[PDB]
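For reference, the chain that follows is the form deposited in one PDB entry, supplied as structure tokens.
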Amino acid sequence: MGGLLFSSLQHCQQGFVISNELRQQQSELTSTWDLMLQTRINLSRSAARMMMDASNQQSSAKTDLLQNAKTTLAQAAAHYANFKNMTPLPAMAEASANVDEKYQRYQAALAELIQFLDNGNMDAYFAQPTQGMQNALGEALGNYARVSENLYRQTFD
């Protein structure tokens, strides 16, 4: 014996196998979130430029930042697909189902804001309560993280 947080190599390797998977699935959800907030930033960046005051030229001035929001949303959907494809560990089943619901709602909302700016509808872009769908997903993400944490801690025992 010369081991300390684990009762045997079997136990130790067990915890590794369980944690390395939690680590993969939490990684895809960090990237999803990152590129979804990147999409909301590019959308704001497009709209401010849309809004710069030439006269009757109106709110639609050379914005290649909307294609940029279309790209970061597609990449977040790519990271999300990997997670979605990864079946929940039993203990995780419900934390993930919650993150999928809050995610389908916030991706819809961002895709909805791209079509608004795409058709020049500024008021609809400004009026969407995007912040609540984001806060909801942020809160289902910290909960999924509490629940991985708990399972991670149960390995060194």
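For the two forms, the rigid core is made up of the largest set of C-alpha atoms that agree within 1.5 Å on superposition. Numbers for residues come from their place in the sequence shown, where the first is 1.
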Quick note on 130 to 138 and 10 to 18: per-entry mean CA temperature factor is higher in 10 to 18
Avg C-alpha B-factor, entry values, 20 to 28 vs 142 to 150, higher side is 142 to 150
The residue of 104, 96, 115, 63 with the maximal C-alpha B-factor according to the PDB record is 63
Comparing C-alpha B-factors across 124, 41, 47, 54 in this entry, the winner is 54
Assert third(CA B-factor, residue 74) within chain per record equals lowest
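Not on display, but discussed next: the form deposited in another entry.
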Across 115, 30, 60, 128, the single C-alpha shifting 2 angstroms or more between the shown form and the other one with the core held fixed is at 60
Honestly, after the rigid core fit, is residue 50 moving at least 2 Å at Cα between the shown form and the other one?
no
#### Entry: Did residue 41 shift 2 Å or more between the shown form and the other one, C-alpha, core superposed
no
Taking the shown form as reference, the Cα pair residue 126 and residue 59 shifts by 3 Å or more in the other form and sits farther
Quick read on residue 41 and residue 58 CA atoms in the other form, 3 Å or more from the shown distance, and they're closer
